[PDB]
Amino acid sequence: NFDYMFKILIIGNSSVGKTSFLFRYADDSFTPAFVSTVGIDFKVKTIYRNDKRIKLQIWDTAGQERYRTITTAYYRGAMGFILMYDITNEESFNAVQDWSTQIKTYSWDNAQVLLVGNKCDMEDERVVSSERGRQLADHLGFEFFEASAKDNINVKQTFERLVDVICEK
């Protein structure tokens, strides 16, 4: 049913929009409701790149600290990570460094990572500049993206770039 299968994990503080990000990408759907993820969830999505069928096993992790042990247990085997924060939430941005270290502690075999500042549609409520996001991504050695699960801005682009760097690894 596939030529390659890439395991991808979406991590970051609770409420940054990780589930919404996946919901938009996999089902082209979005819900304004906040239904916190219990531990970890996943969605499989088959994409077609260079005439090849790549199965994307996407794990949607819970952001709350109490689920750290449950979620980090899935880091090994992950080939790509979407480290997400909310442009309207400073605390979620300040947590990026620690999320980055978490990836280093539990990930294996040079997993690829993209830093994503979600909810970019909330321009009037923005608290973290794109400049700061880009600057942190650079220092962490990650490529940067700002996106919107709500307005469907850069969700596909984010996932496709991740698939590219994983494939070209």
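In this text, residue numbers run from 1 along the sequence as written.
Once the C-alpha B-factors are averaged per stretch, 24 to 32 and 105 to 113 rank with 105 to 113 first. Remark: stretch with higher mean C-alpha B factor among 145 to 153 and 11 to 19 is 145 to 153. Set against one another, the Cα B-factors of 57, 100, 118, 37 in the record reach their highest point at 100. Compared with the other modelled residues of the chain, the Cα B-factor recorded for residue 162 ranks in the lowest third. Placement of the Cα temperature factor of residue 127 within the chain: highest third of the modelled residues, per the deposited record.
In the deposited entry, the Cα temperature factor of residue 79 sits in the middle third of values across the chain's modelled residues. Placement of the Cα temperature factor of residue 137 within the chain: lowest third of the modelled residues, per the deposited record.
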